[PDB]
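Worksheet: the structure to be examined is printed underneath.
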Amino acid sequence: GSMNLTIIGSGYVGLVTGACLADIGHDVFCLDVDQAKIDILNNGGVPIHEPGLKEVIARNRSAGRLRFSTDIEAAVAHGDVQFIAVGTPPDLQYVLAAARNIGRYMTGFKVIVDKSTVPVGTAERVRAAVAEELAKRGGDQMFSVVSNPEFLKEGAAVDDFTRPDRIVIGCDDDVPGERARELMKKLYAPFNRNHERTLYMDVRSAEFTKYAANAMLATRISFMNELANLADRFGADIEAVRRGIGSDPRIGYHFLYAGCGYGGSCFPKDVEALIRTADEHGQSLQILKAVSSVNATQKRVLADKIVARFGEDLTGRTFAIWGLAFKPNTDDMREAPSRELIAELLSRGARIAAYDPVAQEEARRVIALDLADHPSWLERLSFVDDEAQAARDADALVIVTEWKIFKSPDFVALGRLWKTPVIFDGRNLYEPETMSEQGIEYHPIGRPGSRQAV
Amino acid sequence: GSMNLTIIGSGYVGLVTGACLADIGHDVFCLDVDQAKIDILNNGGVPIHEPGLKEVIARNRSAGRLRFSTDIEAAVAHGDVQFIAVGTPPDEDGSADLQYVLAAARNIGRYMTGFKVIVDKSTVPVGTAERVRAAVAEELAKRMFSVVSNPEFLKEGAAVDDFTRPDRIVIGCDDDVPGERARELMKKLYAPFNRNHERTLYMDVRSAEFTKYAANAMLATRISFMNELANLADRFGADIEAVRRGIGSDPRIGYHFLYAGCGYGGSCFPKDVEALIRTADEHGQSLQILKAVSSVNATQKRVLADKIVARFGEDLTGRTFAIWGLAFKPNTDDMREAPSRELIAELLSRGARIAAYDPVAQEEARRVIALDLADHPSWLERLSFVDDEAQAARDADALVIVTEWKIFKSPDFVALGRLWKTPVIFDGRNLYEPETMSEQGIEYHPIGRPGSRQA
Ligand SMILES: O=C(O)[C@H]1O[C@H](OP(=O)(O)OP(=O)(O)OC[C@H]2O[C@@H](n3ccc(=O)[nH]c3=O)[C@H](O)[C@@H]2O)[C@H](O)[C@@H](O)[C@@H]1O
Ligand SMILES: O=C(O)[C@H]1O[C@H](OP(=O)(O)OP(=O)(O)OC[C@H]2O[C@@H](n3ccc(=O)[nH]c3=O)[C@H](O)[C@@H]2O)[C@H](O)[C@@H](O)[C@@H]1O
């Protein structure tokens, strides 16, 4: 039943993977070279915004199934299966360094699992690195490198790990590959007690799958954003079109919400990576280039509409911003559309009052960096603790991230605060007709505006 | 519950819509101006390849719920709801001709007494319902109604099933009093389909018009997306079918319409994506993604010939290729935009001899390919069509699979071995497992996967 596992990288993917595998009964050693992070974890803290994770870590540490250490040798000796879950910042040196440490110390068969999102062909480089360490030692030790990508969503990662749609395992079919596949089967057995959730394939195809999946999700979004722009010209309603096409089971209903673009640390990075490596291989990915181009423009749509409505010089104007994080339920600001919007508005002289239920501190940090070259613009940026207060004296309210708290606001209270009842909605939260009936000039994406907007 | 309905257009969308609405108890008048077609229908004949249709027609003629006539005034007088289901054939310009829908609209307005719901059922560009309304009001002025968009989501060869068990019914109606009146009539009309599960989606007219194009555009996008990744899979040494399993297993993406191959055809996808691209360009918007999907599909239709040239050389004089599949998809004789037409033209242009087989599309293929290649009678002399699938492989350098008819999924390699010159297969639909092909000594070249060892 229970196996000795090591997770390399105490980051987000690594922590959730390690904690949840400990939670099904495996004995897990989480390695990170950063003593500070390890210290934080061993003092019962959690460096990430991840519901349920602290309590999973806590109960498994107490049960003796989860340990946090910087001790590389102890990590190699512990784990029969070694998950490489280290970052790949804008660079594979860390996954390759992890691989070399396994090769330099291992004394028996190892399954090395590439769990971090890595380019196709990485498993072969990991294999070469481990092999060369073994050749220095003269040892006969055998091993196999497996690709097992992550499909977690920030802020929902514990549930996504615990009830996955599928588990993708790319393995070789030679003798060590089959030995590794058997160990992976045993490792994930508790997830396969009902429907089979594991999908086995070759290593290169598993590596490609992760990029292809995110690329298709991004493609759905940019597809709808281009059609939203066309709906405006046609006098059509993209939300009606969304239900109209999503109701074909071959299309499906999810990931078709037009709005102010996709952000995060996944889609832009994985789409761009796939475009770049295809180009390096002599192929221009026409659809993915278009998807990326559409998204770049779409992240400017809110400010463009604001300029169309109010003029190029926004000095003397105030805008309330609802939503900062790149999506609901996280404090993550990476590639957040709010950052592009706020920079654009500040550059034109506007004042900005911003609200987000959880992301205020991170937004303050990163926007101060974004606009470090314009300290005077930052003097016009404030953050408020209550959503309605952002609207005080505002010429318009701008919705960027569809946090639930924004879905049924107190428009009466808003009416007593704002200068003019104007809403630009990058996430289509409200019915236009309802906004009309409430005296709000409503500017959604791809839908007829309220009558005041027209 | 029974209403009196008129269907204008005794073509494919019209015949299925008319016959199946009669079948749920409505009294249907099917109008068409072509007396020859009306005759074939009243003689118990049916102009199209459509399983189950003839039986449905026969039953409803007998029940007195289905009539066929060329009588316009009778048609307009019968139909409280008037479905416009006429064709929109291309022009030399390649845009859809609306003349027949507007001619139908005008006729309604010329003879109509009392309220009418005019339903645009054939696929038409956003804004067509407004042109129809104006044309009807034009005719009324000389002498109350509402125009509704109710797009069709049928699949040739499965139209009766698709109509009888729809995923959804889209109804686009106006917000005013005539529009509200039409909406209630549409609800009553479709009541039997919503009896146990609500299947109707109501929206405004222009959104319903747009929905039809948007749906087909997304389907085409999924296919071109996978075809571009298939070409990349070759460069990476990955397997596009493994990638399909790996991404389609995310339910936000879903498992359907992710089969890479030799491209999409038919009279719907290329027409509807081209129509979106063109109309958008005419409003000063470039649809970057749809332009890329159309471009990749044009390139994908060259891939099989490309592989054949890579394997045998640029001059195919003295080569013979067997082609399995001609129709644009299985279960139809429809040759519109078929990948087989481009492949066959490219191979013949290089000197090859071609022997082609399809379970039902041979006559249509001969007709349409003779038109395609009318300027090159010497190429046409090198094309023949065979009535048995194995016979196409006689003296063939390679077999090429273009359309995944079920029959091809279980080849008799002993029969093929008694016939072909070299055991080489180019597969544009990925029907077989490359390892299995290796076991059978077949040199196998699929799309986006490593082939057999012999390959
Ligand atoms: O590679 C990863 O680790 C993860 O990347 C994404 O997860 P994430 O980026 O956290 O969140 P999403 O919910 O995918 O949102 C991405 C962006 O798309 C936007 N979006 C999403 C859906 C939609 O319909 N429209 C839309 O604009 C969101 O607002 C957000 O800015 C994927 O959803 C996960 O499956 C994948 O595991
Ligand atoms: O507008 C219409 O009347 C119809 O158009 C298409 O139906 P159709 O073109 O008859 O047939 P499809 O099964 O959609 O096939 C279209 C093309 O895509 C190709 N295809 C399909 C699926 C796939 O995964 N890969 C792929 O290449 C097929 O071989 C074919 O050439 C739509 O599927 C229907 O929903 C729509 O009602």
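Letters A, B, ... are given to chains in the order of the sequence lines, protein chains preceding strands, and every chain is numbered from 1. Just follow the structure's listing: the first ligand is 1, and inside any ligand the first atom is 1. Keep in mind that the numbers below use all heavy atoms, side chains included, and drop hydrogens, waters and symmetry copies.
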Answer yes or no for A:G263: is there a heavy-atom contact with ligand 1 below 4.0 Å?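 Within the 4.0 Å threshold, so yes.
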
Any heavy atom of A:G264 sitting closer than 4.0 Å to ligand 1?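 Not so, A:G264 does not reach ligand 1.
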
Quick one: which of [options] has a heavy atom closest to [atom]?
atom	options	result
atom 29 (O) of ligand 1	A:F326, A:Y253, A:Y12	A:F326
atom 2 (C) of ligand 1	A:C266, A:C260, A:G323, A:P268	A:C266
atom 27 (O) of ligand 2	B:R429, B:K212, A:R250, B:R244	B:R429
atom 1 (O) of ligand 1	B:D250, A:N214, B:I253	A:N214

Identify the closest protein heavy atom to [atom]: which residue and atom is it, and at what distance?
atom	result
atom 7 (O) of ligand 1	A:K153 CG, 3.9 Å
atom 14 (O) of ligand 1	A:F255 CZ, 3.2 Å
atom 8 (P) of ligand 1	A:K327 NZ, 3.8 Å
atom 25 (N) of ligand 1	A:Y257 O, 3.1 Å
atom 20 (N) of ligand 1	A:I221 CD1, 3.4 Å
atom 6 (C) of ligand 1	A:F267 CE1, 3.6 Å
atom 3 (O) of ligand 1	A:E150 OE2, 2.6 Å

Over-ring placement of A:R242 relative to A:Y253, 6.0 Å and 45° cut-offs: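 Verdict for A:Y253: no cation-pi partner in A:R242.
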
Flag the pair [X] and [Y] as a salt bridge only when some basic side-chain nitrogen lies within less than 4.0 angstrom of an acidic carboxylate oxygen.
X	Y	value
B:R245	B:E241	no
B:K155	B:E50	no
B:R336	B:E364	no
B:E404	B:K329	no

Does an N or O from B:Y264, backbone or side chain, lie closer than 3.5 Å to an N or O of ligand 2?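 No: no nitrogen or oxygen of B:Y264 is under 3.5 Å from one in ligand 2.
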
A:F255/A:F223 aromatic ring centres below 6.0 Å: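 Judged by ring-centre distance (under 6.0 Å), A:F255 and A:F223 do not meet the cut-off.
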
Inter-residue atom distance A:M216.CE - B:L229.CG, 0.5 Å rounding: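 Spacing of CE (A:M216) from CG (B:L229) equals 8.0 Å.
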
B:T211 OG1 to A:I238 CD1 distance, which is reported to the nearest 0.5 Å: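 Interatomic distance, B:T211 OG1 to A:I238 CD1, rounded to 0.5 Å: 8.5 Å.
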
So if I count the atoms of ligand 1 from 1 in the order they appear, which ones are less than 4.0 Å from some heavy atom of A:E154?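 Atoms satisfying the 4.0 Å criterion: 10 (O).
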
Ligand-side contact atoms (ligand 2) for residue partner [X], heavy atom cut-off under 4.0 Å:
X	answer
B:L258	24 (O)
B:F153	37 (O)
B:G263	27 (O)

Tell me whether the count of non-hydrogen atoms from other residues, nucleotides or ligands lying under 6.0 Å of OH in A:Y257 goes above 12.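 Not more than 12 within 6.0 Å, no.
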
For a 4.5 angstrom cut-off between non-hydrogen side-chain atoms, does B:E152 reach B:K212?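 Sidechains of B:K212 and B:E152: in contact.
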
In the structure I gave you, are the side-chain heavy atoms of A:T88 and A:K269 within less than 4.5 Å of one another anywhere?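 With C-beta onward as the side chain, the pair touches.
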
Should the pair B:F408 and B:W324 be assigned to parallel (<30°), tilted (30 to 60°) or perpendicular (>60°) ring geometry?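 It falls in the parallel class, under 30°.
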
Do any N/O atoms on A:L152 end up under 3.5 angstrom from N/O atoms on ligand 1?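 Between A:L152 and ligand 1, an N or O pair is found under 3.5 Å apart.
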
